[PDB]
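> Mind having a look at this structure? Questions to follow.
2 protein chains.
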Amino acid sequence: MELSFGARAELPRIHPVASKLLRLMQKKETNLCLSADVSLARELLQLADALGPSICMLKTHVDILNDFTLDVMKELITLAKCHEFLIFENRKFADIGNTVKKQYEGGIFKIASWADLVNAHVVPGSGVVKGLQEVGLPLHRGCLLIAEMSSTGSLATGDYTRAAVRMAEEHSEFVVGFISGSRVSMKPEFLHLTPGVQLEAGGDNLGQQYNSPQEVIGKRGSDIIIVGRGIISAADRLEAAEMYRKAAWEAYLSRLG
Amino acid sequence: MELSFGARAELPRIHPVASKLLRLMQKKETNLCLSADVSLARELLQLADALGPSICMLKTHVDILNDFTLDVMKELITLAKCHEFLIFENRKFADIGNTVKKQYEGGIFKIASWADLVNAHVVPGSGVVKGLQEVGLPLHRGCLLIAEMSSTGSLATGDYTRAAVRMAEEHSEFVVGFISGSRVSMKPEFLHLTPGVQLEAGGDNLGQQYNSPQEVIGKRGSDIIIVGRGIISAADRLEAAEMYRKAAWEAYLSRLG
Ligand SMILES: O=c1[nH]c(=O)n([C@@H]2O[C@H](COP(=O)(O)O)[C@@H](O)[C@H]2O)cc1F
Ligand SMILES: O=c1[nH]c(=O)n([C@@H]2O[C@H](COP(=O)(O)O)[C@@H](O)[C@H]2O)cc1F
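If you read the sequences in order, they're chains U and X.
For the first sequence, counting from 1, position 15 maps to 15 in our numbering; every step adds exactly one.
For the second sequence, counting from 1, position 138 maps to 138 in our numbering; every step adds exactly one.
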């Protein structure tokens, strides 16, 4: 029934970016995405270098980097290639198609030039995907749709979630998976990435809620954990990353049997 | 029953930014927001200067400006002050509170430093507002919640829209209104701004749908029209702006009786 990440990498309908990701997940025994929520390029890069071997993906918010330049992203790419991880800009495109295509390709950030993956909210309807696709398909990029959110009061539930899944499944040449709290698609070609993860119970003061890797990967069937503060705020970010990696990887293995 | 924009500017619960906006709308006889969807700062600024007298607001997407700098925004502010319009960055914050506060204050764009208004999607739950508020309240800024979208397939309908209205009404110290296609709140202290506006019927190839100023202001009860391409793509952008201004203003007057 369920397939390993390595086997999923080979599925007929797999997207190339998903395949690359799944292959390196399997090779490196990591289903951890670091949420590199820092404001300094040097810290970003130092985290990417040190934690690169432990992660399958590094998620950015370029718009919080005080000293963003495209050269920082070049350096990040070098690290991504060296250590084998994808770069995911958590931009949450969420506009009409005509707007998002420009936000993806252009401006100061030139996101499409460096991000293997981006994501989108599905609230605008499928034009958000169509617009992004116009830039991302030629650049061989992938997209994640936000089907569920980790925060208190999230409206990404029920029929909204179902709409996200449909929209993904209908745009499989570009959409490679989801941000979700659980498996939402039954199709194994899609990736599930789950934020709101910490080893300890809790949440923040602004609506973030946490669940553990075992819950999210093991019980809820997701693929990848996205971890920010649980790693970033720790003293030893490498050890923290390793804890999260080992947690998510074992949860995956055990669910696989 | 219904009040003029000038009277709404005085309502007990009005937010200061809303009041400033409503006052200049009344003074200038404009309920037009220009969507300055351009990639060149010089064009942005030349539009802001020429069209400033015709608009109540200039909506930006800073992330499509190829040559963004903070000095461009300084120059835009000078124009906004000269001509009396607000600056609205259509950022659509749509993340957990902890993230959006950083995206609003920081990074290269420093949005909170120059934008009178921003907007947010309500999908994350009210933490998106709470996070933004932590930056925006001290800076005396306002926020718009996206209650409805103009695009085909929008999921901002029904209970989602109602949730947006509730979230606004419960965060009235910062939330000053909505992006919506119609009046969604019955409380006159809230602004309704409607995109997807053109004089002619139609829509774009990526899900945008258009309705006229008379429909949106006159029949659907919104306050302000947001117009991009209907102005920007016209040869004479000043005349186009004037057409849209006159259309939206008369629709408002006639609905007022
Ligand atoms: O539903 C979501 N929840 C999230 O937390 N995120 C992001 O994951 C990260 C979570 O970080 P934390 O520090 O582990 O809470 C942070 O960048 C968020 O913007 C994205 C989402 F789409
Ligand atoms: O629902 C929405 N529809 C929109 O069109 N917009 C923005 O208004 C603008 C509409 O531009 P147009 O050229 O008039 O279609 C454009 O910047 C969009 O990103 C925002 C929304 F929230």
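Every residue, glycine too, gets a C-beta built ideally from N, C-alpha and C.
Measure from the C-beta of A156 of chain U to each C-beta in chain X and report whether the shortest distance is under 9 Å.
As a first step, residue 156 of chain U is located in the first sequence; it is residue number 156 there, counting from the start. Answer yes: the Cβ-Cβ gap between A156 of chain U and chain X drops below 9 Å somewhere.
> Measuring CB atoms only, is the stretch 202-209 of chain U touching the stretch 6-22 of chain U, in the sense that at least three cross pairs come out at less than 8 Å?
Contact between the stretch 202-209 of chain U and the stretch 6-22 of chain U is absent, because fewer than three Cβ pairs lie under 8 Å.
> Which value, in whole angstroms, describes the spacing of the CA atoms of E2 of chain U and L256 of chain U?
Counting from one through the first sequence, the residue named residue 2 of chain U turns up at place 2. Counting from one through the first sequence, the residue named residue 256 of chain U turns up at place 256. Answer to the nearest angstrom: the Cα atoms are 7 Å apart.
> Give me the DSSP bridge partner(s) of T194 of chain X.
Walking along the second sequence from the start, residue 194 of chain X turns up at place 194. The partner list for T194 of chain X (beta bridge, DSSP) reads X:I225.
> Under 9 Å Cβ-Cβ, which residues of chain X neighbour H61 of chain U?
Here residue 61 of chain U corresponds to residue number 61 of the first sequence, with the count starting at 1. Those are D95, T99, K102, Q103, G107, listed as they occur along chain X.
> Do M73 of chain X and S113 of chain X come within 9 Å of each other at the CB atom, strictly closer than that value?
By one-based count along the second sequence, residue 113 of chain X stands at place 113. By one-based count along the second sequence, residue 73 of chain X stands at place 73. Contact flag set, yes.
> For the structure I just gave you, are there three or more beta carbon pairs, one from the stretch 224-231 of chain X and one from the stretch 20-35 of chain X, closer than 8 Å?
In short, these stretches touch, since the Cβ pair count reaches three.
> Taking 8 Å as the cut-off, is the CB of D37 of chain U close to at least one heavy atom of ligand 1?
The residue labelled residue 37 of chain U in the question sits at position 37 within the first sequence. Indeed, a heavy atom of ligand 1 lies less than 8 Å from the Cβ.
> From which residue to which residue does the alpha helix (DSSP H) around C82 of chain U run?
The residue you call residue 82 of chain U lines up with position 82 of the first sequence. First-last of the alpha helix (DSSP H) with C82 of chain U: 70-83.
> Using the Cα positions of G52 of chain U and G106 of chain X, report the straight-line distance between them to the nearest angstrom.
Mapped onto the first sequence, residue 52 of chain U falls at position 52. Mapped onto the second sequence, residue 106 of chain X falls at position 106. Roughly 26 Å separates the two Cα atoms.
> With a threshold of 9 Å between beta carbons, is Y210 of chain X in contact with chain U?
Indexing the second sequence from 1 puts residue 210 of chain X at position 210. With 9 Å as the cut-off, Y210 of chain X does not count as an interface residue toward chain U.
> Kindly list, in the order they appear in chain X, the residues whose Cβ is closer than 9 Å to that of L65 of chain U.
Along the first sequence, read from residue 1 onward, the residue named residue 65 of chain U stands at position 65. Those within 9 Å of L65 of chain U in chain X are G106, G107, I108.
> Output, in chain order, the set of chain X residues within a Cβ distance shorter than 8 Å of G125 of chain U.
Counted from its first residue, the first sequence places residue 125 of chain U at position 125. By Cβ distance, chain X contributes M149, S151, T152, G153, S154, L155, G207.
> Name, please, each residue of chain X whose Cβ falls closer than 9 Å to the Cβ of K130 of chain U.
As a working mapping, residue 130 of chain U is identified with position 130 in the first sequence. Under the 9 Å cutoff, chain X gives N205, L206, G207.
> Does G107 of chain U come out as helix, strand or coil in the three-state DSSP assignment?
Taking the first residue of the first sequence as position 1, residue 107 of chain U is located at position 107. The answer is coil: DSSP assigns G107 of chain U none of H, G, I, E or B.
> In chain X, which residues lie less than 7 Å from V122 of chain U when you measure between Cβ atoms?
Residue mapping note: residue 122 of chain U aligns to position 122 of the first sequence, counting from 1. Ordered by position in chain X, the residues that pass the 7 Å Cβ test against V122 of chain U are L155.
> Would you say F68 of chain U lies against chain X (beta-carbon separation less than 9 Å)?
For the purposes of this step, residue 68 of chain U is identified with residue 68 of the first sequence, where counting begins at 1. For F68 of chain U, the answer is yes, since a Cβ of chain X falls inside 9 Å of its Cβ.
> Which of helix, strand or coil does DSSP assign to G127 of chain X?
What you label residue 127 of chain X is simply residue 127 of the second sequence in a count that begins at 1. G127 of chain X: helix per DSSP, three-state reduction.
> Does the count of Cβ pairs from the stretch 148-168 of chain U and the stretch 150-166 of chain X closer than 8 Å reach three?
A contact exists between the stretch 148-168 of chain U and the stretch 150-166 of chain X.
> Are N66 of chain X and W249 of chain X closer than 9 Å when you measure CB to CB?
As a position in the second sequence, residue 66 of chain X is number 66, starting the count at 1. As a position in the second sequence, residue 249 of chain X is number 249, starting the count at 1. No, the pair does not count as a contact, with Cβ atoms beyond the cut-off.
> May I have the straight-line CA-CA distance separating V165 of chain U from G127 of chain U, to the nearest angstrom?
Mapped onto the first sequence, residue 165 of chain U falls at position 165. Mapped onto the first sequence, residue 127 of chain U falls at position 127. When rounded, the distance between both Cα atoms is 15 Å.
> Quick one: does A163 of chain U have its CB under 9 Å from some CB of chain X?
Along the first sequence, one-based indexing puts residue 163 of chain U at 163. It does: the Cβ of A163 of chain U has a partner Cβ on chain X nearer than 9 Å.
> Let me know the secondary structure DSSP gives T157 of chain U once reduced to three states.
As a position in the first sequence, residue 157 of chain U is number 157, starting the count at 1. In the structure shown, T157 of chain U sits in coil (DSSP, three-state: anything other than H, G, I, E or B).
> Could you please give the first and the last residue of the uninterrupted beta strand (DSSP E) stretch that includes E170 of chain X?
As a first step, residue 170 of chain X is located in the second sequence; it is residue number 170 there, counting from the start. Careful: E170 of chain X lies outside any beta strand (DSSP E) and carries neither H nor E.
> Since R91 of chain X is in the beta strand (DSSP E), which residue starts that stretch and which ends it?
What you label residue 91 of chain X is simply residue 91 of the second sequence in a count that begins at 1. Segment 86-93, the beta strand (DSSP E) holding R91 of chain X.
> Quick one: using the 10 Å Cβ neighbour count with 16 as the cut-off for buried, is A9 of chain U buried or exposed?
By 1-based counting over the first sequence, the position of residue 9 of chain U is 9. The residue in question, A9 of chain U, is buried, as its Cβ has 16 or more Cβ neighbours within 10 Å.
> Name, going along the chain, the residues of the stretch 221-235 of chain X whose beta-carbon falls closer than 7 Å to a beta-carbon of chain U.
Result list empty, no residue passes.
> For residue 259 of chain X, is the classification buried or exposed, using 16 other Cβ atoms within 10 angstroms of its Cβ as the cut-off for buried?
The requested residue 259 of chain X is not part of the displayed model; chain X covers only 1 to 257.
> Which first and last residues belong to the beta strand (DSSP E) in which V118 of chain X is found?
Taking the first residue of the second sequence as 1, we reach residue 118 of chain X at position 118. From DSSP, the beta strand (DSSP E) with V118 of chain X extends over 117-121.
> Specify, as a first and last residue, the run of the alpha helix (DSSP H) that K219 of chain X falls within.
Position 219 of the second sequence, counted from the start, is the residue given in the question as residue 219 of chain X. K219 of chain X -> no alpha helix (DSSP H), and no H or E assigned at all.
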